[PDB]
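*Asks:* Once you've had a glance at the structure underneath, I'll fire off some questions.
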Amino acid sequence: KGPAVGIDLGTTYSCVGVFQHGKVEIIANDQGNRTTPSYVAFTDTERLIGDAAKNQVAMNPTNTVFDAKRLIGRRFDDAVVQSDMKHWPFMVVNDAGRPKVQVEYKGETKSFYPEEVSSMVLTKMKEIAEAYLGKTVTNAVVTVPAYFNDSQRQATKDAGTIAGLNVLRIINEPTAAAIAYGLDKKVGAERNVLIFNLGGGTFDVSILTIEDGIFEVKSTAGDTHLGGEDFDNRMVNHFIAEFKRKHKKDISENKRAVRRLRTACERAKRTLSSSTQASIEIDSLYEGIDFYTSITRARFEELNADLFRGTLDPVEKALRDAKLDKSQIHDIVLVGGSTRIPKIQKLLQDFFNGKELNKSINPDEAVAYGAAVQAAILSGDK
Ligand SMILES: Nc1ncnc2c1ncn2[C@@H]1O[C@H](COP(=O)(O)OP(=O)(O)OP(=O)(O)O)[C@@H](O)[C@H]1O
């Protein structure tokens, strides 16, 4: 046989986990990262996927694809698609109602369906697993947001099929997280769980009611255009202003300088979740000018204060829809890389009047973790 894996196919980052000997292994990639960007890039000589693709976006903007999760299973005439595409640096065409990403690979013009792009990311996760396990991976459980309709779930299933993966089941991300913490164990009564998911580009809030192991999504709220990337932006715009003030040079026009600065910001942001300040060191940011400076956790929180605070509005709504009070929810689990931000943790905890948050499992790995367990039971290994 071969172990069934659990795969989190996120908008910005993906993750693969496997259940073995009662424990879940979150598999690190070639670069030793526990999560890998959902990026694909096409050049004159090759197809790059994951870290290698993200690590060269500043050079190949028009041929570096991302955000395929926003297209998958949708129609070209979709209002969502129409709005979104006005921001992607890559081409999106209409092939008989179905949207397609168009890129140049080896001088030749090629187009791909969103599911084909996602299959590429899925193939990378699969080989990462296989490289770790030292055996071929066939069966898998792939996750999807609770709000995905049948077409989107269909497309996600298909993306898996072309990747050579036998998708055992498509389960919701909120359910995957709950299972990771064992909140699916049959107790004697009804359990209301609140899943607070803030990733790279999306924000979801789901309230689940678990009784006899059976889940029931009572409500969902959030924002599909609020994520860790928005926090990076605030830093970027802040440093562009600082560069301009200190050097009288506006670097906004130079798409490369900006993208390089953003990469520095996103990294400094992570450090800020553990330290109180981080330094930005960028050689030749603009012209021959090096950009050496730093931010504090204090300044960082200030730059995103409105964004952090507004995160509570969707929480209030989810509650009222589900017709529950703060006191009625028994468990709160954090999901998504962005929830590692201290201020966000304080803000949510304060809202739930001190209630302890579930966050012992890396928030950005929780979904894969749960999927891996679910895969195990479905396979017959648990
Ligand atoms: N220590 C940290 N502090 C803050 N943000 C972090 C930290 N570690 C990772 N991140 C951020 O988390 C985000 C990635 O989150 P995650 O890996 O959960 O995304 P995902 O599921 O692909 O995203 P999405 O919710 O957009 O589909 C990025 O914005 C990254 O900068």
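Naming scheme: A, B, ... for chains in displayed order of the structure tokens; residues 1 onward per chain; ligands 1 onward as shown.
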Return as a ChimeraX atom specification the residues of protein, DNA or RNA that approach ligand 1 to within 9 Å, with only C-alpha atoms and all ligand atoms taken into account.
*Replies:* /A:8-15,35-38,67,69,145,197-204,224-232,265-274,335-342,363-367
*Asks:* DSSP on the backbone, then: every residue of region 99-288 of chain A marked alpha helix (DSSP H), written as number ranges by chain.
*Replies:* A: 114-133, 150-162, 173-180, 228-247, 255-272
*Asks:* Counting only C-alpha atoms, what is within 10 Å of residue 45 (chain A), bar same-chain residues fewer than 3 positions away, as a PyMOL selection string?
*Replies:* chain A and resi 42+48+105-107
*Asks:* For the structure I just gave you, how does DSSP split region 152-375 of chain A - specifically, which residues are strand (DSSP E or B)? Reply as number ranges by chain.
*Replies:* A: 166-172, 191-198, 203-211, 214-223, 277-286, 289-296, 331-335, 358
*Asks:* Any idea what's packed within 10 Å of residue 29 (chain A), counting only C-alpha atoms, ignoring anything in its chain fewer than 3 positions away? Could you give it as a list in words?
*Replies:*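 That gives residues 15, 16, 26, 32, 33, 34, 35, 36, 50, 51, 124, 125, 127, 128, 129, 131 and 132 of chain A.
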*Asks:* Between A:84, A:44, A:173, A:116, which one has atoms that come closest to residue 369 (chain A), using only C-alpha atoms?
*Replies:*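 Residue with the minimum atom-to-atom distance to residue 369 (chain A): A:173.
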*Asks:* What does the structure give for the distance between CA of residue 59 (chain A) and CA of residue 300 (chain A), in Å to one decimal?
*Replies:*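 One can read the CA of residue 59 (chain A) to CA of residue 300 (chain A) distance as 28.2 Å.
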*Asks:* Within 10 Å of residue 142 (chain A), counting only C-alpha atoms, which residues show up once you throw out same-chain ones fewer than 3 positions away? Write them as a ChimeraX atom specification, please.
*Replies:* /A:5-9,16,122,139,153,156-157,160,165,167-173,176,367-368,371-372,375
*Asks:* Can I get the selection written as a short mmCIF file (atom, residue, chain, number, x, y, z; two decimals), in the first residue's frame, with N, CA, C and O atoms?
*Replies:*
```cif
data_model
loop_
_atom_site.label_atom_id
_atom_site.label_comp_id
_atom_site.auth_asym_id
_atom_site.auth_seq_id
_atom_site.Cartn_x
_atom_site.Cartn_y
_atom_site.Cartn_z
N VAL A 5 -2.30 10.98 1.80
CA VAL A 5 -1.83 12.23 2.38
C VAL A 5 -2.95 13.25 2.52
O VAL A 5 -4.02 13.09 1.93
N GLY A 6 -2.73 14.25 3.36
CA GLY A 6 -3.70 15.31 3.56
C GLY A 6 -3.07 16.54 2.94
O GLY A 6 -1.93 16.88 3.28
N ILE A 7 -3.77 17.18 2.01
CA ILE A 7 -3.22 18.35 1.34
C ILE A 7 -4.08 19.62 1.47
O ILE A 7 -5.28 19.62 1.17
N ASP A 8 -3.45 20.68 1.95
CA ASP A 8 -4.08 21.97 2.11
C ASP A 8 -3.67 22.77 0.86
O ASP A 8 -2.49 23.05 0.68
N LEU A 9 -4.63 23.04 -0.02
CA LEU A 9 -4.39 23.79 -1.25
C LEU A 9 -4.85 25.22 -0.99
O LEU A 9 -6.01 25.55 -1.24
N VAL A 16 1.45 19.84 3.02
CA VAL A 16 1.16 18.41 2.95
C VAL A 16 1.51 17.73 4.26
O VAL A 16 2.61 17.91 4.79
N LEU A 122 -0.29 20.71 -6.92
CA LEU A 122 -0.60 19.42 -6.34
C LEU A 122 0.48 18.39 -6.64
O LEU A 122 0.81 17.56 -5.79
N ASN A 139 -3.28 8.08 -2.91
CA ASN A 139 -4.49 8.58 -2.27
C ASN A 139 -4.25 9.86 -1.49
O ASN A 139 -3.22 10.03 -0.84
N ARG A 153 -15.69 22.70 -6.13
CA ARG A 153 -15.26 21.45 -5.52
C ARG A 153 -14.94 20.45 -6.63
O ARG A 153 -13.99 19.68 -6.53
N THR A 156 -11.63 21.31 -8.09
CA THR A 156 -10.56 20.97 -7.15
C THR A 156 -10.30 19.47 -7.20
O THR A 156 -9.15 19.03 -7.16
N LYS A 157 -11.36 18.69 -7.36
CA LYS A 157 -11.26 17.24 -7.46
C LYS A 157 -10.51 16.89 -8.75
O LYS A 157 -9.63 16.03 -8.76
N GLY A 160 -6.89 17.46 -8.88
CA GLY A 160 -6.23 16.36 -8.21
C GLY A 160 -6.04 15.17 -9.13
O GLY A 160 -4.96 14.58 -9.18
N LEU A 165 -3.49 11.99 -8.59
CA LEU A 165 -3.92 11.76 -7.22
C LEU A 165 -5.34 11.24 -7.19
O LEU A 165 -6.22 11.76 -7.88
N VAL A 167 -8.23 11.32 -5.25
CA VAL A 167 -8.81 12.10 -4.16
C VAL A 167 -9.89 11.29 -3.44
O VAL A 167 -10.97 11.08 -3.96
N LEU A 168 -9.54 10.80 -2.25
CA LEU A 168 -10.45 10.01 -1.43
C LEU A 168 -11.67 10.82 -1.00
O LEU A 168 -12.78 10.28 -0.93
N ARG A 169 -11.47 12.10 -0.71
CA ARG A 169 -12.56 12.97 -0.30
C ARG A 169 -12.17 14.44 -0.31
O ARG A 169 -10.99 14.79 -0.22
N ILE A 170 -13.16 15.31 -0.48
CA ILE A 170 -12.96 16.75 -0.48
C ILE A 170 -13.66 17.19 0.80
O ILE A 170 -14.87 17.00 0.93
N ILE A 171 -12.90 17.69 1.77
CA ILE A 171 -13.51 18.14 3.01
C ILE A 171 -13.23 19.62 3.22
O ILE A 171 -12.26 20.17 2.68
N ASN A 172 -14.10 20.26 3.99
CA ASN A 172 -13.98 21.69 4.27
C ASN A 172 -12.81 22.01 5.17
O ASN A 172 -12.47 21.25 6.07
N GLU A 173 -12.22 23.17 4.94
CA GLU A 173 -11.10 23.63 5.74
C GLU A 173 -11.45 23.78 7.23
O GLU A 173 -10.66 23.42 8.09
N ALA A 176 -11.48 20.36 8.78
CA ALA A 176 -10.13 19.81 8.84
C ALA A 176 -9.42 20.31 10.10
O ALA A 176 -8.82 19.52 10.83
N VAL A 367 -4.91 22.84 8.87
CA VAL A 367 -5.78 22.23 7.86
C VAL A 367 -5.17 20.96 7.25
O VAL A 367 -5.84 19.92 7.15
N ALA A 368 -3.91 21.02 6.85
CA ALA A 368 -3.25 19.85 6.27
C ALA A 368 -3.23 18.74 7.31
O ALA A 368 -3.52 17.58 7.00
N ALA A 371 -6.53 17.05 7.60
CA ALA A 371 -6.79 16.29 6.37
C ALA A 371 -6.03 14.97 6.38
O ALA A 371 -6.56 13.95 5.95
N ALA A 372 -4.80 14.99 6.90
CA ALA A 372 -3.95 13.81 6.99
C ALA A 372 -4.56 12.76 7.92
O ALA A 372 -4.46 11.55 7.69
N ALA A 375 -7.58 11.36 6.16
CA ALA A 375 -7.12 10.50 5.07
C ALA A 375 -6.82 9.12 5.63
O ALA A 375 -7.21 8.10 5.06
#
```
*Asks:* With the cut-off set at 12 Å and counting only C-alpha atoms, tabulate each residue of region 164-280 of chain A with an atom at most that distance from an atom of region 320-328 of chain A, showing the nearest atom pair and its distance in Å to one decimal, ordered by chain and increasing number, as a tab-separated table.
*Replies:*
```
residue	atom	partner	partner_atom	distance
A:190	CA	A:328	CA	10.5
A:191	CA	A:328	CA	8.9
A:192	CA	A:328	CA	7.0
A:193	CA	A:328	CA	9.2
A:194	CA	A:326	CA	10.0
A:205	CA	A:322	CA	11.6
A:206	CA	A:322	CA	9.6
A:207	CA	A:322	CA	7.4
A:208	CA	A:322	CA	9.3
A:209	CA	A:322	CA	9.8
A:216	CA	A:322	CA	10.9
A:217	CA	A:322	CA	8.9
A:218	CA	A:322	CA	5.2
A:219	CA	A:322	CA	5.2
A:220	CA	A:321	CA	8.2
A:221	CA	A:321	CA	9.1
```
*Asks:* Which residue is closest to residue 54 (chain A)? Choose from A:343, A:244, A:260, A:297 and count only C-alpha atoms.
*Replies:*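 Under the stated criterion, the closest residue is A:260.
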*Asks:* Which residue out of A:252, A:374, A:312, A:331 has the minimum interatomic distance to residue 355 (chain A) when only C-alpha atoms are used?
*Replies:*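 Counting only C-alpha atoms, the residue closest to residue 355 (chain A) is A:331.
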*Asks:* List the neighbours of residue 376 (chain A) out to 10 Å using only C-alpha atoms; skip same-chain residues closer than 2 positions along the sequence, and give me the result as a list in words.
*Replies:*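 Contacts, with the query itself left out: residues 3, 4, 5, 6, 18, 19, 20, 22, 24, 139, 140, 141, 370, 371, 372, 373, 374, 378, 379, 380, 381 and 382 of chain A.
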*Asks:* Any idea what the distance is between CA of residue 77 (chain A) and CA of residue 101 (chain A)?
*Replies:*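 Atom-to-atom, CA of residue 77 (chain A) to CA of residue 101 (chain A), that is 14.5 Å.
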*Asks:* For the atom pair CA of residue 351 (chain A) and CA of residue 332 (chain A), what is the interatomic distance in Å to one decimal place?
*Replies:*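 That distance, rounded to one decimal, is 11.6 Å.
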*Asks:* Point out the residue among A:314, A:30, A:243, A:275 with the least atom-to-atom distance to residue 292 (chain A), counting only C-alpha atoms.
*Replies:*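 Comparing A:314, A:30, A:243, A:275 against residue 292 (chain A), the winner is A:243.
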